[PDB]
Amino acid sequence: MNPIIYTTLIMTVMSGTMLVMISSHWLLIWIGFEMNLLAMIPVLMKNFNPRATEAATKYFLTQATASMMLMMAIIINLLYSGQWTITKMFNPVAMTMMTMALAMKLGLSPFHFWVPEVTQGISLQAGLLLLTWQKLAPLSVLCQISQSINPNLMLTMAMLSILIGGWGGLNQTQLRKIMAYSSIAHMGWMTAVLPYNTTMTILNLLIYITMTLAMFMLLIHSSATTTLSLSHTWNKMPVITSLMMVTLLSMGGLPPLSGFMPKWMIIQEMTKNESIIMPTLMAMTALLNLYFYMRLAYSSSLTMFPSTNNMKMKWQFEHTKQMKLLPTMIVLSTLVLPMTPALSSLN
Amino acid sequence: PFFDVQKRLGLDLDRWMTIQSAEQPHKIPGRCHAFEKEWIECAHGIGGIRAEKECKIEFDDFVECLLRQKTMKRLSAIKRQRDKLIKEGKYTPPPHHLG
Amino acid sequence: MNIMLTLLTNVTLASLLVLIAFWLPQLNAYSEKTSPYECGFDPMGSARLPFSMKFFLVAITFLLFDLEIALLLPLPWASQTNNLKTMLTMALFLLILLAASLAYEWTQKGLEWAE
Amino acid sequence: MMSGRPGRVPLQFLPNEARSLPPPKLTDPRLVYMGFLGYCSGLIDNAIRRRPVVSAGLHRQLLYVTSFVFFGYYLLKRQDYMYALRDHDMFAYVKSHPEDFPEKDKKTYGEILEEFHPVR
Amino acid sequence: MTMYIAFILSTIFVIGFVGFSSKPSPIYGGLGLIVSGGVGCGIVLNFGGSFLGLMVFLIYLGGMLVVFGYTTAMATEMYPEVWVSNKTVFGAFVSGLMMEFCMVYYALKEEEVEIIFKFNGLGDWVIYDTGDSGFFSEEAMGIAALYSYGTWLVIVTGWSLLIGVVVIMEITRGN
Amino acid sequence: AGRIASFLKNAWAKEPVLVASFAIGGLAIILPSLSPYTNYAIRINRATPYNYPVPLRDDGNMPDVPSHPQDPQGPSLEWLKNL
Amino acid sequence: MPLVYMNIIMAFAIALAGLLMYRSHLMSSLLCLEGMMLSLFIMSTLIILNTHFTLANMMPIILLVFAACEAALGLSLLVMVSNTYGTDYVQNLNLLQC
Amino acid sequence: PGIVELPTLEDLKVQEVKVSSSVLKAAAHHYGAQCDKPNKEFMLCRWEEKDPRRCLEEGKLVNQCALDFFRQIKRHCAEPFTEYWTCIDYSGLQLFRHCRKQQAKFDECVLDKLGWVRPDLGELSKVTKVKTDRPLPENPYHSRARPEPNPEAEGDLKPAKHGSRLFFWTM
């Protein structure tokens, strides 16, 4: 991977997303989607291992099918209204079609089996990229079309998203896999409030984003892929594993940490709109997230784990790659609750 | 769009093609230029969830100009009755219908 | 009609040629004729094995260039426009991008037929 | 509660008519906390690089506390701005729609017939 | 009667697609796609889309060429599959034939087929539009407007094709 | 100076096709801006009336617009005839 | 909505079935995927020629140019699983399991 | 929703000028130059009213004026016109290029007998003007009453009452 080639892949991915959240013509939205697709496949193949080839192939198939169904919705609402402008749909089945087309790109409904696997395949930096940047475009499209989305569809889809997100992560030790399942749960979390008011899903997107960088940067600052590998890191990096623990507390949403604020906001606006049964389901099922969160915490910091003899010469070497933004990345993802009113800035 | 840089920094980037009453090459009007002009100028600065009901009759007139569902259904009914009574044999089409 | 009539005439004519070709002659139909051929021998146990190759890259850059050729095809109609300056700059952009893709193909081995 | 508001210039942090609102005081308790929010970023930074946490490179701490308090200040004006607008067209909609908000009549507790519940 | 050709052009499109999607030997799916594209070029052509029809002709009969180019390279095996090898492919094929046949039978009887959307069985010749074109083809002039009004489209495409050759380089580089 | 000229000479010898292509291409972009006739080409393209010049409703005080298609005043393309 | 629209929509529906319902082949599946875009290309050209959407006349080729690019990488990915694994048969395609 | 306005079969009965494409293309410039006024006003009606049912009389006028023009050219040099239109007919594109000889032989007659001149290049292409006594089409599209705008809002931004008012936040 040529450094300059890697940079030009960075910015074509980012420009593909930018085209999505700045364009108005529907065709341009599709173009940005595949620009990002065509641009992110090579970086996922940076390591060039057969697992990476597997992950890239599954991503390609899923996202290509999803973009083709995206054009199907595109063509249908064009046919029934002759207007490429992105707005409320004028044909119902076109709206549904776009809903599953985007969802397959998000990993919400049973169209979510790709993400845990593809996260397993690629390197952790590619994992950060996949689970942070490749959500902004589909969320932005879903925000722009919130006028006419079948509320039943979006609600049930978010419900499965969070539910299988919680359940799938229980029996996973690979940190990449449990992070993928947690991201699926957060996907359900924001997409549940997507139909009602998009400011709150934007806020939850921001919090999940900052938490995800604050997470992945800690992982590859510890260089761990399995739970046992992270457990061995309780020694070398005690500060890193303590911050590991505090952000793992911010994971579930235990007050007064940052992660509680989006849950609180989403539930409060859901209750404003007579949806009282609905919020209790994610409120209960967040304990499923908190379960393997607590398991990760126990393996990381709360309980000392048996280290290794050779491991001691690691004591002689220091992490040289700075991996900047980590301090503020932690801080914004831990203590921003007294700043909840600032949500009105996004509105 | 989410972040409309188009009208902020002041240029068209994609809005030229979005609708078919825009300035088409060499003034080639679309099939439903009149109907979509009526619809667009009907619903301007009104709000989608408010304009969708005031600009309704324009909207379905536009959709019927696009698809001709109602008109072609009417033609199908006419052809059905014509072929039925011709098979059961009452009148003959006037010479303008033959040659 | 007309054009379709010519296509029909040609396909039927071709099919008559192949029918006379494959039916008119007489063959004894003996078994050992079916043995395949390679410069005197038979192609052992091959001629269908997966083909470990290298010019796959040339084959795919063909298609990638063919898309851009399709993009630049409308040029003769496009030259008949009022704002010729923009058409000139933007078509020149398209050919420059053609050349840049070819150059990156060149220096980074690429179009160099892999070994 | 907004992106479809008339006359809403896009990609514009602080609109011109916001200045009519009281700018947040430099000693705003929210602002000073987000200044303290700067300290936590600085203190953690020394911890990540296993530098002396208390006094490693005060130059790094200075920008960490000054940049955070700055971007906090502009955010607070926008925060007050949206809350002002939400309360602004609030009363405009109410005044322009008197029928939808009937003047509920006030009756003292001597006229109501609330029934006391013996809690035994 | 060659009246219904504008119908049948689509009809042969459908059943050439099913065998193309009947999951046969890869080259036989390619043949299904080839006949489907050849008959769909007529569908666009008789609607007036001469340039677009010949365009898809050219690019697509190169595109299936290249997908062949690896079928004999990275997809063949000792015993290539045959369009009669698997038993299920016949069932898929016949399920391809009877569905649109039943639906068109209904559209010929009731003209109000209820499948998914709203459709009328009264041919396709109606939906054309009376008018003229002067001395310019609308399709050609529209696709020519790419270099005058397609400001963003050509820019973003050419950038994408450059990125495409870059990624094609990188993924197949083989370290 | 000497290095640039020597490199040009070597390119003209080592890959002559490359230098010929690069030259003629480099001309292809810089002449149209320099040439004084591209505006005349714009005039050529605007001259051709693919559609009908739909007339204006006469109401008085448009001396610029000719009253008759044979009238002297109005747009003219004698430059087209001389060209 | 006349029978031509039914036919190309129905062709897209069976392309969706054929590609998405995998039988055993990755190459044939992405072949069905690119046939999918052919169906959508024809479909798109239909309304665009029908309604005199003169600008939108350039959308199909645009829609075309990207779509082949997908296949341009798809088959490109196909070789990369093929040289190591041996075939495009997606049932050995199981190494990434947990 | 409404029925028809179709004028009677007697209304759209005019003498249809029945000549060939070659003859028409041979006349062309002289015909346009000497019959522009009915043509100009006719399609001014067509573009303004957007409604041929309002412009049948213009159609009758243009037909009759063109017919008069054809009668005068018949009354005078027609054998040069005959040769000219036959030669144009031989062309598969009705090209004016391979007819110039007879072109002169035509253009002289209508010049020295009917006092006509061949319009210069682009001369019969500039957009003209014409007075029509018919009233303006106030509503060419017959558009209905346009929907009223959103209720306009105004007023200076007073500080939000009790700050954010979100849960326990005082400000």
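Chains as they are written, first to last, in the entry's author numbering: chain 1N, 1 to 347; chain 1e, 1 to 99; chain 1A, 1 to 115; chain 1d, -1, 2 to 120; chain 1J, 1 to 175; chain 1b, 1 to 83; chain 1K, 1 to 98; chain 1X, 1 to 171.
Beta carbons are placed, not taken as given, at the ideal position from N, Cα and C, and that holds for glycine.
- As the crow flies, the alpha-carbon of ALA27 (chain 1X) is around 37 Å from that of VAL126 (chain 1J).
- Of all C-beta pairs linking the region 160 to 173 of chain 1J to the region 84 to 94 of chain 1A, fewer than three are shorter than 8 Å, placing the two stretches out of contact.
- When secondary structure is reduced to three states using DSSP, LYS129 (chain 1X) falls in the strand class.
- A Cβ of chain 1b is located within less than 9 Å of the beta carbon of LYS85 (chain 1A).
- Residue nearest to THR81 (chain 1A) within the set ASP71 (chain 1b), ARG43 (chain 1b) and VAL17 (chain 1b) is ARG43 (chain 1b) (criterion: CA-CA distance).
- The distance from the Cβ of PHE60 (chain 1N) to that of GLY74 (chain 1K) is about 6 Å, consistent with a contact at the 8 Å cut-off.
- For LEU67 (chain 1e), the secondary structure class from DSSP, reduced to helix, strand or coil, is helix.
- Near chain 1N, meaning a CB-to-CB distance below 9 Å, no residue of the region 56 to 75 of chain 1J qualifies.
- Interface annotation for the region 92 to 108 of chain 1d against chain 1X: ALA92 and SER96, criterion Cβ-Cβ distance under 7 Å.
- Remark: C-beta atoms of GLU170 (chain 1J) and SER76 (chain 1e) do not approach each other more closely than 9 Å.
- DSSP, read as helix, strand or coil, puts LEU56 (chain 1b) in strand.
- With the rule of 3 Cβ pairs closer than 8 Å, the region 43 to 51 of chain 1J does not count as touching the region 84 to 93 of chain 1J.
- Proximity of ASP66 (chain 1A) to chain 1K, defined by a Cβ-Cβ separation below 9 Å, is satisfied.
- DSSP places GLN64 (chain 1X) inside the alpha helix (DSSP H), whose first and last residues are 56 to 75.
- The beta carbon of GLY45 (chain 1e) falls within 9 Å of a beta carbon belonging to chain 1X, placing the residue at that interface.
- Contact annotation: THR53 (chain 1N) and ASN36 (chain 1N) have beta-carbon atoms that are not nearer than 9 Å.
- The residue among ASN289 (chain 1N), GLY168 (chain 1N) and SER23 (chain 1N) with its C-alpha nearest the C-alpha of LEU11 (chain 1e) is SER23 (chain 1N).
- For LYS126 (chain 1X), the closest alpha carbon among the candidates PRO75 (chain 1b), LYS81 (chain 1b), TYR37 (chain 1b) and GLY25 (chain 1b) is that of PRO75 (chain 1b).
- For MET245 (chain 1N), the enclosing alpha helix (DSSP H) begins and ends at 238 to 252.
- Linking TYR181 (chain 1N) to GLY252 (chain 1N) through their CA atoms gives a straight-line distance of about 13 Å.
- Here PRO80 (chain 1X) is near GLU108 (chain 1X), since their CB atoms are less than 9 Å apart.
- The beta carbon of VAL9 (chain 1d) sits closer than 9 Å to some beta carbon of chain 1e.
- Its chain contains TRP84 as the residues whose beta carbon lies nearer than 6 Å to that of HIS25 (chain 1N), once the 5 sequence neighbours on both sides are disregarded; these appear in chain order.
- The three-state reading of DSSP puts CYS32 (chain 1e) in coil, since its state is none of H, G, I, E or B.
- Counting other Cβ atoms within 10 Å of its Cβ, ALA286 (chain 1N) reaches 16 or more and is therefore classed as buried.
- Assignment of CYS39 (chain 1A) by DSSP, reduced to helix, strand and coil, places it in the strand class.
- Chain 1e places no beta carbon closer than 9 Å to that of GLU114 (chain 1J), leaving this residue out of the contacts.
- Taking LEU129 (chain 1N) as reference, the option from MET40 (chain 1N), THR198 (chain 1N), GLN172 (chain 1N) and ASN49 (chain 1N) with the minimal CA-CA separation is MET40 (chain 1N).
- Of all residues in the region 143 to 157 of chain 1J, only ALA144, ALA145, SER148, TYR149, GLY150, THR151, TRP152 and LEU153 come within less than 9 Å of chain 1e when Cβ atoms are compared, listed by chain position.
- Per the Cβ contact rule, the region 96 to 104 of chain 1N is not in contact with the region 40 to 50 of chain 1K (fewer than 3 Cβ pairs under 8 Å).
- Comparing alpha-carbon positions, the option among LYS263 (chain 1N), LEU203 (chain 1N), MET304 (chain 1N) and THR87 (chain 1N) lying closest to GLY4 (chain 1d) turns out to be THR87 (chain 1N).
- Per DSSP, the unbroken alpha helix (DSSP H) holding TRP114 (chain 1N) starts and ends at 114 to 121.
- Within the DSSP bridge table, the entry for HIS25 (chain 1K) names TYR89 (chain 1K) as partners.
- Taken atom to atom, the span from the alpha-carbon of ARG68 (chain 1e) to that of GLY29 (chain 1J) is near 36 Å.
- Of the residues assessed, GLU114 (chain 1J) falls on the exposed side of the cut-off, its CB having fewer than 16 other CB atoms within 10 angstroms.
- The criterion of a C-beta distance shorter than 9 Å is satisfied by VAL66 (chain 1J) and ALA59 (chain 1A).
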